[PDB]
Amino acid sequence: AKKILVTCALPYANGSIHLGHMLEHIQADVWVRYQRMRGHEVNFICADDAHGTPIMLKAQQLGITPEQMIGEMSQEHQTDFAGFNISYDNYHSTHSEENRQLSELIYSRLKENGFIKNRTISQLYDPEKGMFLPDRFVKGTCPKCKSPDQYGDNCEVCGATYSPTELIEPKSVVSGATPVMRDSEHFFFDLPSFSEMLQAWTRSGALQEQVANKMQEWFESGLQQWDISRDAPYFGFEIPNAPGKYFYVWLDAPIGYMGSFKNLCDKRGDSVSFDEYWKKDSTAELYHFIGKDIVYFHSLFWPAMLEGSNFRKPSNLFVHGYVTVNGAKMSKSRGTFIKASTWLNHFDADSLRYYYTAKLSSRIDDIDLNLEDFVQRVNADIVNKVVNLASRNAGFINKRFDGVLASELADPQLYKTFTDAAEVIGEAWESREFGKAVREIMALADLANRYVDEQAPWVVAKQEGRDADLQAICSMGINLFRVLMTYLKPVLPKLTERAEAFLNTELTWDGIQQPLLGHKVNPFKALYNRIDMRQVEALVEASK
């Protein structure tokens, strides 16, 4: 049995969970659930990313402490993820004592090992508020076209890009004061020292080909030292021996993966597992599910930080593309920027889990939630292919056979075709070829419904003396359903619970080798109802 630690990217504490987050957390959860079904020791770890200037300023605007604000959003996030049945073993915070101690430890080791440099830089500073301004907190007049009220390093009228130091009549977004250039000592992590190590990782064949190709572009451009400090005022961890300096959020954020695992171990009273998973000699596997926009941090800075502080590196990064809705980036004006909480007011979690899983693969590709296709595909595949095998057969079993399935399989050869597919389906889940797994499962569902059609139970049921035939046919259909629901168990947790209640058995991967024979099933009310476009229209309207 493998030991596996899986993470999803840590959501920022200053925004609600939306469908883009859900693509990532669902992808990881399906994989995790499959790994658990195969008997491995799995630790699925996440946390909120709770530090930084935007969070500090948002709390001040609200008139509450950053601690109060991040606590409220942590609860909101966890409520939403729980509503999608994301099965974390721990959900922590980057604002935690575990992360503080690990961040200080890693920094101290990097510094002792020669990988931290000090250099003075010049940056725009708000002298009224008394703080350095990140680019997006500077506004002013575009130097090229002279359009007013442009933010940061680009103009939204003419498209020009420039340093915010080129803005005409610049103003602080925080206070309205004119910012000025001011010097400050910063601490830099010497990423270039790890170039050769990182290039060897890129060539090893572990990473997605598309990621390795992108890393070659980054090596070609040239790795640079990374500014890992920020001046007070800041919401984050103060740097030891450097009063008024804090770790930049992105230094502490991936350390939060470690902090969340440490927290889990400590709450369990487990004094051995942290080192077993994070020491250089670990035989455990470490996987990060992440999106395209944060690959640089996870493929360059993070393995280098770990190497330089005597910790093991990720076994692999699993990168996914962006979500689109109706083919386009989510759009607030069109009502396609959809929050996870809003989704659940209109649809169940399983429907979105299924739809995303049917489109996901081991490559980086944007995943399109086409809302018309969502209705058609959920209805066709879940209602009319898979659940249909239970719903068309269970009534006869309950009403005419006292709930008891036949004592032998009617078609053992067909059953073996279903169980023989377990190897290819499992390998598809394992390899993250989720769309392939779904295609194989739905091809089997088509075969199962073809079998039932060929036996014509709606004819058999009306014909004198054919009770045994009817029980045989319907039991066969229910056994095929048992197998398909096992293959779909990582994808559809709530439907699976309903199926397990009907079948009076827990679904296990190996259990499909023993069909249900001479076995009592329970009645059910609909396992899964149809959806329609009126519900989609309501979701979109509610999201505007």
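Numbering starts at 1 and follows the sequence shown.
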item: Higher-scoring stretch by recorded Cα B factor average, 21-29 or 516-524; value: 516-524
item: Higher-scoring stretch by recorded Cα B factor average, 150-158 or 89-97; value: 150-158
item: Selection from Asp80, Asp381, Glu433, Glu166 [criterion: highest C-alpha temperature factor in the record]; value: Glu166
item: Criterion, highest CA B-factor; candidates, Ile364, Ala448, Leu207, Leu405; value: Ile364
item: Cα B factor band for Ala501 (lowest, middle or highest third within the chain); value: middle
item: Chain-relative CA temperature factor third for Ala13; value: middle
item: Ranked against its chain, the third holding the CA B-factor of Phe137; value: highest
item: Where the record places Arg38 (Cα B-factor, split into thirds across the chain); value: middle
item: Third assignment of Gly52 from its chain's C-alpha B-factors; value: middle
